[PDB]
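*Asks:* Just one file: protein_20.cif, with mmCIF, C-alpha atoms.
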```cif
data_entry
#
loop_
_atom_site.label_atom_id
_atom_site.label_comp_id
_atom_site.auth_asym_id
_atom_site.auth_seq_id
_atom_site.Cartn_x
_atom_site.Cartn_y
_atom_site.Cartn_z
CA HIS A 111 1.81 -30.60 10.04
CA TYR A 112 -0.52 -33.61 10.14
CA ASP A 113 -0.60 -36.74 7.93
CA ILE A 114 -3.67 -38.89 7.23
CA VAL A 115 -2.20 -42.19 6.00
CA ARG A 116 -3.93 -45.13 4.31
CA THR A 117 -1.52 -48.08 4.00
CA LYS A 118 -1.76 -50.86 1.35
CA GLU A 119 -2.66 -53.49 4.03
CA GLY A 120 -5.64 -51.27 5.11
CA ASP A 121 -4.52 -49.35 8.26
CA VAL A 122 -5.87 -45.79 8.39
CA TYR A 123 -4.47 -43.34 10.99
CA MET A 124 -3.54 -39.72 11.67
CA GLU A 125 -0.03 -38.63 12.68
CA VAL A 126 0.40 -35.10 14.11
CA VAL A 127 3.92 -33.62 14.40
CA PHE A 128 4.82 -30.77 16.78
CA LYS A 129 7.85 -28.51 17.35
CA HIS A 130 8.86 -27.49 20.90
CA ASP A 131 8.31 -23.89 22.15
CA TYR A 132 12.10 -23.25 21.79
CA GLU A 133 11.40 -22.85 18.02
CA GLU A 134 10.13 -19.26 18.72
CA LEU A 135 13.79 -18.11 19.14
CA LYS A 136 14.55 -19.18 15.51
CA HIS A 137 11.65 -16.93 14.28
CA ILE A 138 12.89 -13.89 16.32
CA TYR A 139 15.74 -11.76 14.88
CA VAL A 140 18.13 -9.56 16.90
CA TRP A 141 17.91 -6.20 15.09
CA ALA A 142 20.98 -3.92 14.99
CA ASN A 143 18.76 -1.34 16.78
CA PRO A 144 15.34 -2.68 18.00
CA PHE A 145 14.09 0.88 18.71
CA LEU A 146 14.45 2.21 15.11
CA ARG A 147 12.72 1.72 11.73
CA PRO A 148 14.30 -1.04 9.58
CA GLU A 149 14.81 1.83 7.02
CA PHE A 150 17.56 3.27 9.34
CA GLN A 151 19.68 0.86 11.44
CA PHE A 152 22.35 2.58 13.55
CA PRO A 153 24.55 1.60 15.37
CA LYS A 154 25.31 -1.16 12.78
CA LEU A 155 25.67 -4.01 15.31
CA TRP A 156 23.75 -4.79 18.43
CA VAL A 157 26.61 -5.16 20.95
CA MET A 158 26.24 -5.73 24.70
CA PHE A 159 28.74 -6.43 27.49
CA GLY A 160 27.74 -7.97 30.85
CA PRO A 161 27.05 -11.16 32.85
CA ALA A 162 25.96 -13.81 30.30
CA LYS A 163 22.45 -14.37 31.80
CA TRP A 164 21.69 -10.62 31.84
CA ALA B 2 -38.97 -90.65 7.54
CA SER B 3 -36.97 -92.54 4.86
CA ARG B 4 -35.52 -90.58 1.83
CA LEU B 5 -32.77 -90.78 -0.80
CA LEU B 6 -30.93 -87.41 -1.06
CA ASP B 7 -30.47 -86.93 -4.85
CA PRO B 8 -30.08 -83.16 -5.49
CA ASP B 9 -31.23 -81.35 -8.63
CA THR B 10 -27.77 -79.65 -9.03
CA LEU B 11 -26.53 -79.10 -12.62
CA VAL B 12 -22.94 -77.77 -13.24
CA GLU B 13 -21.90 -76.63 -16.74
CA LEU B 14 -18.85 -74.81 -18.13
CA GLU B 15 -19.01 -72.50 -21.16
CA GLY B 16 -15.48 -72.11 -22.57
CA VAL B 17 -13.75 -69.10 -24.18
CA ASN B 18 -14.64 -70.42 -27.71
CA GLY B 19 -18.33 -71.04 -26.75
CA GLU B 20 -17.89 -74.84 -26.44
CA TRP B 21 -19.82 -76.44 -23.54
CA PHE B 22 -19.17 -79.07 -20.86
CA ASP B 23 -21.75 -80.75 -18.59
CA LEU B 24 -19.70 -81.58 -15.47
CA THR B 25 -22.71 -83.33 -13.79
CA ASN B 26 -23.72 -85.80 -16.54
CA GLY B 27 -20.36 -85.94 -18.39
CA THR B 28 -21.64 -86.13 -22.01
CA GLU B 29 -18.21 -84.75 -23.14
CA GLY B 30 -16.43 -87.45 -21.01
CA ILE B 31 -15.57 -84.92 -18.28
CA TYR B 32 -16.93 -84.81 -14.69
CA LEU B 33 -16.35 -82.56 -11.67
CA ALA B 34 -14.32 -84.57 -9.04
CA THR B 35 -14.74 -84.97 -5.21
CA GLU B 36 -12.71 -81.88 -4.08
CA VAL B 37 -14.08 -78.27 -4.37
CA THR B 38 -12.90 -75.12 -2.52
CA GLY B 39 -14.17 -71.58 -3.34
CA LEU B 40 -17.83 -72.12 -4.28
CA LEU B 41 -20.24 -70.48 -1.71
CA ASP B 42 -18.97 -67.15 -0.20
CA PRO B 43 -15.90 -65.33 -1.67
CA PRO B 44 -12.98 -64.61 0.73
CA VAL B 45 -13.14 -61.34 2.76
CA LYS B 46 -10.37 -59.36 4.47
CA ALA B 47 -11.65 -57.69 7.67
CA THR B 48 -9.49 -54.88 9.16
CA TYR B 49 -9.46 -53.77 12.83
CA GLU B 50 -7.45 -51.17 14.85
CA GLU B 51 -6.29 -51.04 18.50
CA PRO B 52 -8.21 -48.27 20.43
CA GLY B 53 -5.07 -47.15 22.29
CA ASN B 54 -4.25 -48.76 25.68
CA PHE B 55 -7.90 -49.93 26.21
CA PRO B 56 -9.97 -53.19 25.86
CA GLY B 57 -10.68 -54.76 22.46
CA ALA B 58 -10.43 -53.35 18.91
CA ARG B 59 -12.43 -51.13 16.47
CA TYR B 60 -13.71 -52.19 13.02
CA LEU B 61 -12.22 -50.16 10.11
CA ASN B 62 -13.35 -51.78 6.84
CA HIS B 63 -13.85 -55.08 5.01
CA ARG B 64 -13.12 -56.02 1.38
CA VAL B 65 -14.17 -58.99 -0.80
CA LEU B 66 -11.01 -60.57 -2.27
CA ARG B 67 -10.70 -62.42 -5.63
CA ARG B 68 -12.34 -65.87 -5.68
CA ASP B 69 -9.62 -68.55 -5.81
CA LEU B 70 -11.54 -71.69 -6.85
CA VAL B 71 -9.72 -75.08 -6.67
CA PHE B 72 -11.28 -78.22 -8.16
CA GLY B 73 -10.53 -81.35 -10.19
CA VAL B 74 -12.02 -82.86 -13.33
CA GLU B 75 -12.15 -86.66 -13.89
CA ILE B 76 -11.50 -87.43 -17.62
CA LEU B 77 -12.54 -90.88 -18.92
#
```
Written as structure tokens, that's how I'd like the structure from this file.

*Replies:*
Amino acid sequence: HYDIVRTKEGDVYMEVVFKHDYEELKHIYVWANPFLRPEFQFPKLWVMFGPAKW
Amino acid sequence: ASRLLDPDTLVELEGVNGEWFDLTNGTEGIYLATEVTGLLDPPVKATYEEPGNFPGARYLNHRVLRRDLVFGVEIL
């Protein structure tokens, strides 16, 4: 968002607020099966075993 | 040149009931005294902003404030 502020003593300024690129991972969901329609989600959990980075 | 400075200036008050005072000639026994602040220009607030980390400042706005007028009356 951005604010345009006029204070009672007469200062006028703009403040612009930004969220870091990490925020993308909060607007991405891990589907139970990425490759299928949301109308049919099998297997019921996404489950993966391996080295943590991979 | 030689000259007496005797100005033409007449100062009168009309009161909230429509009664009148001549503060120059004092026909009601009342005269304006030797201390006046707040005739001439009214006070102004001028506002400036810093232009970031650069020389000087930028003008924003200015506003005329209320006129605070301070004076005395000599009463005989």

*Asks:* Tell me which protein, DNA and RNA residues are within 12 Å of stretch 27-33 of chain B, counting all atoms listed in the file, leaving out same-chain ones fewer than 5 positions away, and put them as a PyMOL selection string.

*Replies:* chain B and resi 11-14+20-22+71-77

*Asks:* The PyMOL selection byres ((chain A) within 10 of (chain B)) on the file shown: which residues, as a VMD selection string?

*Replies:* chain A and resid 119 to 123

*Asks:* How far is it from atom CA of residue B:69 to atom CA of residue A:117, in Å with one decimal?

*Replies:*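 Going from atom CA of residue B:69 over to atom CA of residue A:117 covers 24.1 Å.
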
*Asks:* Can you measure atom CA of residue B:52 to atom CA of residue A:131 for me? One decimal in Å is fine.

*Replies:*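 We find that atom CA of residue B:52 and atom CA of residue A:131 lie 29.5 Å from each other.
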
*Asks:* Running the PyMOL selection byres ((chain A and resi 157) around 12) on this model by hand, what would come out? Give it as a PDB file with C-alpha atoms, in the coordinates of the input.

*Replies:*
```pdb
ATOM      1  CA  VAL A 140      18.130  -9.560  16.900  1.00  0.00           C
ATOM      2  CA  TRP A 141      17.910  -6.200  15.090  1.00  0.00           C
ATOM      3  CA  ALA A 142      20.980  -3.920  14.990  1.00  0.00           C
ATOM      4  CA  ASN A 143      18.760  -1.340  16.780  1.00  0.00           C
ATOM      5  CA  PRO A 144      15.340  -2.680  18.000  1.00  0.00           C
ATOM      6  CA  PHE A 152      22.350   2.580  13.550  1.00  0.00           C
ATOM      7  CA  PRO A 153      24.550   1.600  15.370  1.00  0.00           C
ATOM      8  CA  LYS A 154      25.310  -1.160  12.780  1.00  0.00           C
ATOM      9  CA  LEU A 155      25.670  -4.010  15.310  1.00  0.00           C
ATOM     10  CA  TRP A 156      23.750  -4.790  18.430  1.00  0.00           C
ATOM     11  CA  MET A 158      26.240  -5.730  24.700  1.00  0.00           C
ATOM     12  CA  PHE A 159      28.740  -6.430  27.490  1.00  0.00           C
ATOM     13  CA  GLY A 160      27.740  -7.970  30.850  1.00  0.00           C
TER      14      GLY A 160
END
```

*Asks:* May I ask for the distance between atom CA of residue A:128 and atom CA of residue B:59, given in Å to one decimal place?

*Replies:*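 Taking atom CA of residue A:128 and atom CA of residue B:59, their separation equals 26.7 Å.
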
*Asks:* On this structure, which residues satisfy the PyMOL selection byres ((chain B and resi 43) around 8), written as a ChimeraX atom specification?

*Replies:* /B:39-42,44-45,65-68
